[PDB]
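S.K.: Let me begin by handing over the structure; questions about it come next.
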Amino acid sequence: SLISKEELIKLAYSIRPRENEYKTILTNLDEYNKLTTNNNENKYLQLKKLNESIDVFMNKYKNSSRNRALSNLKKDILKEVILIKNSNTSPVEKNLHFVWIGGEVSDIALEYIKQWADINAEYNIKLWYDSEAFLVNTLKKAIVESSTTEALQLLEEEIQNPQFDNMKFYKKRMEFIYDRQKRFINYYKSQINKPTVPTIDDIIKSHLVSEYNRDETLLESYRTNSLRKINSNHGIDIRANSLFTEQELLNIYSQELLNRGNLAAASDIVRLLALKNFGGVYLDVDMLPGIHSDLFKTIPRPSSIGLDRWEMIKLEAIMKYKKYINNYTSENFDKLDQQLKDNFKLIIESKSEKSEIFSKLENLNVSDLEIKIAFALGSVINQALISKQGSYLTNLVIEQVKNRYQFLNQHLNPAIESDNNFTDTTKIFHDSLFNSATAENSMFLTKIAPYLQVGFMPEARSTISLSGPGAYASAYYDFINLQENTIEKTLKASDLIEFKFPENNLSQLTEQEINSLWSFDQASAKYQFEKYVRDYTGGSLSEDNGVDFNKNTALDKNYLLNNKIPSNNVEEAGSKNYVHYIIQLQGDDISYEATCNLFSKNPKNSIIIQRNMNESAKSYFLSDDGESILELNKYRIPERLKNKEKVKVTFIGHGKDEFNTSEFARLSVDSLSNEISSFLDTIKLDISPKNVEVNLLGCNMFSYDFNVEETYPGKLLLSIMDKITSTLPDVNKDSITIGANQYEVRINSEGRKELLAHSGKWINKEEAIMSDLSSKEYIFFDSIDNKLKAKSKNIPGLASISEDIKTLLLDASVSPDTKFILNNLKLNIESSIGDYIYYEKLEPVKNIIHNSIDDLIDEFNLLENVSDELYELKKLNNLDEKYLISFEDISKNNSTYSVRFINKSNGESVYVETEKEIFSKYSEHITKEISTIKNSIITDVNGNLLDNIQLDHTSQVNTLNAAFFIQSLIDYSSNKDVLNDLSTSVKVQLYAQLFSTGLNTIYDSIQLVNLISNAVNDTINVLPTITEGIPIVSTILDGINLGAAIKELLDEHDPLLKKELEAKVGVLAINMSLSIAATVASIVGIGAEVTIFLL
Amino acid sequence: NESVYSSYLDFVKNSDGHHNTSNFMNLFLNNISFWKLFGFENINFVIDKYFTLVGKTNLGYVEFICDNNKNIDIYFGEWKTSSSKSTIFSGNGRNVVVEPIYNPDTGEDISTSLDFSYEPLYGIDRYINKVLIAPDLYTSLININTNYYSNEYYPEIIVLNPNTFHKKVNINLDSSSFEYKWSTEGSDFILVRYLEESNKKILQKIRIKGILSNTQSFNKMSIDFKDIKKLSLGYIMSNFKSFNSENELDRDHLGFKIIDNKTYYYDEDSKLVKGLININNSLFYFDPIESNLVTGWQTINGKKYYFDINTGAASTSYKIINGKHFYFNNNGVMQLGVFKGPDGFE
Ligand SMILES: [Zn+2]
């Protein structure tokens, strides 16, 4: 489908002689042009050879004129690799792949697989497992439990402290995991060089019995029960099958199967091996068959429930009314209105059996060059894959996993072979990683740095970078761009849609998927440590356990004005255009002091409406340029904060001690929504801002990165949007952001940040400060997507935190445990900073300066597009070049457009037929811009086109936009332009509409040929300029630019120009020449001589 | 010409904000002694709606035009440095778009460098909005000559993201590295060089547009300082001090803003106006440093103006200040001598 070997020499013409790299490019291109569609893998490899031929030529010859054309050809290649893989439509191998590596299949997983088996009976079920990988889960649970006990007894005197960072406990627990895993791998290496070979289960049995107080018969019973369950549920073994062919793949699979216990990466590798050896579809157990689109075609949409939670409602109702999966907890569906439930009842009971309640597609049109992957949060997720036998792109995914594990092993095996403590080996591993650092793979090494910590310490996510979605995204970038072994280069979401799993075939928003989406982060780590210390010794050991009391202390204004404001050291250095309603909701001193300090951060632009006592709330703000506290009514403002554009509500309270807490300040999401509604009604009479922001602050109030709609801030925002957009005008839904801090941080006199712990005072838990400041993002509704996105974090702020970590690690008065905790925190911070660049999560500036730039880019893209389909139209129906298109006259004529082309040598008009309506739209836009330019030129004298200067800005910007558009069209050069000459077409149209009548009325071909010749000859400058570089004075008389016309009239003395200047404009120019003076004097003398005669 | 335009630029810079109203050109004509063209000194020169002044630079030219509000601003401008063409219009704001010069007859090799300097922005820097560098797909090296301290205003330099075939694009700044801090707003990188050169608080901003959108662009730019070179953007972000770049004065407005307690005016280009400008058939003064309205007595280039405490407009007739009596002409300049107020000739 690419251009032939010809038409390229006409494109890449250069003064340099044709180089041998250019000859290689031409040979590769022609050898690709002559090829057969069969064996798409080689059809792909020819393109993947031509591409690097072009890349080598460009890199070698940077200052080469050819590099223009070949860059457009590479882009064409980028749009041709998509065409390939769109030819094959063969049905996918009718196999459904499920993976359960290690442990036994849960009955929930089996019930989930039952839907796929029953509904898609055409496909056979493949539940992958291993013969000797059944006790890995037991070993992992045993080691983590023993290490938890060891760490708790090691820090027993410290864990009793309510304000104790659980990261130290996790550090000790990881030291113990690494010790136990080193013991296990030493045992495995010792017992693997034995006569014959023991099964991995045998080594695990021996280790568990000898060290972990286990019984062999229990392990054997578990093994046989798991084997029976898996086999009865369509179990397929891996060891007893040809799946582990390459030794490197076996090494990297056993790298997480037994060295680490990371069965997730084992699944990520065995799924790829299964999809390569055989074909079919892989699905994680959490996924469910899709529903029919038309089954719920009606619109019971509440518009107050998130679009994802709407799918959750659909599935929950489906499996609650007609029970398909056991114990499908309806905690989300069974709270909606009764009419909606009755409608769902009618819909579900009005259908046929299970075969039609859920969709089932056998029309999976994939190619052997392609794999499909599910989508989540606008990124790839390997929860659902489709690929034939030995798919080439799948092979690219295996190659990417192999390269990533090659780097990780190369930098880790030297660190782990030397027998050292966990801290020492991690230090060595990090040193090797960052000594081998490169600009290309800096984020990769940042992500894989806590490889030994994945699954056991919070915020450790390296599987995503080695075998998870990162590897698949890199493989997709390799496939689209024909590259190889790319690490961090990402693919735009527009080009990623072609590989998407069919949306009808997947119900991703599933209860088990949602349950598994909860990442092991600081938020979850807090409650995991709390559970550990609840199971050990006893007692709540909670932060709220410390004298949480319900006193009603009013504001000590003297305390605020004498200790809070004077001692303030936090500098905002931002915008400060906000009114900050510090609505403290709990009367305890823990919230009271946080309230006072947060007031002290910016006392003037902040007001306290403390709600410790119900019917006494009063705005305790600061007097205008004074040292006094002025007390208005509830939620009132000093009336000097009337022009403030932002309302920063900062509800202070204590959230419930539960993961994903449901109640904040003892008020749930609905009660707090009502409170915010009363807030908005009260402030509607005072302030009408533009950006509302809620800043919930308190213990157990994290900013969760996953399952945002299930979070307290997310549900709160989902509640207060109608009230925000109605009560407060000029506040669109996307301007509301809700955050959730956990600690109140101040800067003391020595510059050290301190947190108000629940034990009173201001403790200096530096790791807690920097983790809390790092882990906070603002949930905001996205009206363009009807989803709750997260605002970009303060990247300069995150880098400031990272630099603080750097300098504070440089200090020698810090514990080694704290040293490595802060190193890991810095790693996470820089990984998040890299993620905001890798995931395309940063929005453009979107202002007047950028809009003109962005609109120009969009115009250029549409220009290239239109040139592309006009090249397509000039390829078929012959008509290639030298038949300049006439955009002025395009006729729809009953949904089949008839466009006119004009030959160069003669005025030959052919009204070819096209079906695409894009030509009409582009012609309309071109005519509009040319009309704007023509209206900017009120008159032309002797074809000089006197500009009509407009001093208003609107006309100036309109004229400049039209001039940019037309000049970009006129000066166009491209790979397609040589066979198209779109630039010549637009230049001809502009010359016709300006110098003569419109191109619609120029059917007379004899003068049309002259018009074609003249338009191409001269260059028309349509850009707004008073003087076209001529060093002359400019005479602009009440709008008309006349200086150039007068100068050329007085220099050349064109009689025509004088005539049209006298007539059209009304300009008389005095010729001060001596010759004209002599002629006029002679004229007058002759007239005097002849007139006085009387004959 | 080059000499007269250089003198005009010196006069504009040496002015105290009186550089954009129509009366400014009358002051310039008095300074250049344009009355000597006719022969007598009592000539009142009329600066009308469509008055145009074209000044030739050693590189190119700049054309200023008068507006409907009797304000003079850059209508057009173009200057070429044999490697980079810089063009300013009025419809795209007052933005200097710097692009690599597209050599005709493309058979010859195409240059990869694209330089920029503050030299051509002398004097007219008070009319410029921003500098938009627009490298093409052939641009590999971008030289930013930041060592020019004889200016007053340093427009933000916006480097547009190039959809280029080059693996790396080099931004070479002719300055040190300890001066620069960095920041981000949206998906744009920001490098701010703040220094004290001859008691001048020079602050130069260089943002790169859309450079944080994807790793294809983040890892493409390489920063080259005078002391340390071949720095990637990640190196800058991990080694250089970071500041907060968002400010209220950088938003987009069309009229009067009351930011904090200071009033600013955003003209048609949604940019702050600076100096003594005509607004709504009234004369206002904005500080040539902070661009905010000032009320009271202002000595602009030696001439005293009074601006109302409430509305900020300039007094243009007999006025009573603190009980005392003052006289101002229609241009707002305080007058000395005997003049007729309502009470009589004072
Ligand atoms: Zn609390």
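Here, A, B, ... name the chains of the structure tokens in the order displayed, residue numbers run from 1 inside each chain, and ligands are numbered from 1 in the same displayed order.
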Write out as a VMD selection string every residue belonging to chain B that has an atom at most 6 Å from any atom of chain A, counting only C-alpha atoms.
M.R.: chain B and resid 50 67 91 107 to 110 183 186 to 187 212 to 216 242 247 to 248
S.K.: Could you list the protein, DNA and RNA residues that have any atom within 10 Å of ligand 1, counting only C-alpha atoms and all ligand atoms, and write them as a list in words?
M.R.: residues 542, 543, 544, 545, 546, 548, 586, 588, 590, 591, 652, 653, 654, 655, 656, 657, 664, 665, 697, 698, 699, 700, 701, 742, 743, 757 and 758 of chain A
S.K.: Just give me the gap between CA of residue 869 (chain A) and CA of residue 33 (chain A) in Å, one decimal is fine.
M.R.: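 A separation of 20.1 Å between them.
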S.K.: Give me, as a list in words, all polymer residues having an atom no more than 12 Å from residue 914 (chain A), counting only C-alpha atoms and skipping those fewer than 6 positions away in the same chain.
M.R.: residues 869, 870, 872, 873, 874, 876, 877, 890, 891, 892, 893, 894, 895, 896, 897, 898, 899, 900 and 920 of chain A
S.K.: Could you name the residues that touch region 138-143 of chain B at 6 Å or less, counting only C-alpha atoms, but leaving out those on the same chain fewer than 5 positions away, as number ranges by chain?
M.R.: B: 112-115, 169-173
S.K.: Can you pull out every residue within 12 Å of residue 865 (chain A), counting only C-alpha atoms, but drop anything in the same chain fewer than 4 positions away, and send it as a list in words?
M.R.: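 Residues near the query, excluding close chain neighbours: residues 75, 76, 79, 858, 859, 860, 861, 869, 870, 871, 872, 918, 919, 922, 974, 976, 977 and 982 of chain A.
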S.K.: Excluding residue 134 (chain B) and residues on its chain fewer than 5 positions from it, collect all residues at most 7 Å away from it, counting only C-alpha atoms, and give them as a ChimeraX atom specification.
M.R.: /B:97-99,159-160
S.K.: Show which residues sit within 7 Å of residue 315 (chain B), as a list in words. Count only C-alpha atoms, and ignore same-chain residues fewer than 6 positions away.
M.R.: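 Using only C-alpha atoms, the neighbours found are residues 306, 307, 308, 328 and 332 of chain B.
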S.K.: Which parts of region 27-248 of chain A does DSSP call strand (DSSP E) when run on the backbone here, written out as a list in words?
M.R.: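 Across region 27-248 of chain A, those assigned strand (DSSP E) are residues 95, 96, 97, 98, 99, 124, 125, 126, 127, 128, 129, 235, 236 and 237 of chain A.
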S.K.: To one decimal place in Å, what is the distance between CA of residue 828 (chain A) and CA of residue 430 (chain A)?
M.R.: 13.5 Å
S.K.: Find the residue from B:80, B:49, B:241, B:229 that sits nearest to residue 61 (chain B); use only C-alpha atoms when measuring.
M.R.: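 Closest to residue 61 (chain B) of all the choices is B:80.
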S.K.: Tell me, which residues of region 128-253 of chain B carry DSSP alpha helix (DSSP H), written as a ChimeraX atom specification?
M.R.: /B:215-218,233-239
S.K.: Write the selection just made, keeping C-alpha atoms, as an mmCIF file, in the first residue's frame?
M.R.:
data_model
loop_
_atom_site.group_PDB
_atom_site.id
_atom_site.type_symbol
_atom_site.label_atom_id
_atom_site.label_comp_id
_atom_site.auth_asym_id
_atom_site.auth_seq_id
_atom_site.Cartn_x
_atom_site.Cartn_y
_atom_site.Cartn_z
ATOM 1 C CA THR B 215 8.453 10.190 27.059
ATOM 2 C CA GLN B 216 9.095 10.658 23.332
ATOM 3 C CA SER B 217 9.384 14.396 24.027
ATOM 4 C CA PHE B 218 10.652 14.301 27.620
ATOM 5 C CA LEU B 233 15.339 17.086 31.321
ATOM 6 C CA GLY B 234 15.348 14.400 34.009
ATOM 7 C CA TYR B 235 18.803 15.560 35.077
ATOM 8 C CA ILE B 236 17.465 19.116 35.371
ATOM 9 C CA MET B 237 14.427 17.960 37.340
ATOM 10 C CA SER B 238 16.543 15.875 39.733
ATOM 11 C CA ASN B 239 19.508 18.247 40.185
#
S.K.: Can you tell me how far CA of residue 44 (chain B) sits from CA of residue 319 (chain B), in Å to one decimal?
M.R.: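 We find that CA of residue 44 (chain B) and CA of residue 319 (chain B) lie 24.4 Å from each other.
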S.K.: Nearest to residue 161 (chain B): which of A:857, A:108, A:29, A:718 is it, counting only C-alpha atoms?
M.R.: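 Of all the options, A:857 lies closest to residue 161 (chain B).
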S.K.: Which is closer to residue 8 (chain B) than all the others in B:122, B:286, B:326, B:297, using only C-alpha atoms?
M.R.: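 For residue 8 (chain B), the nearest of the candidates is B:122.
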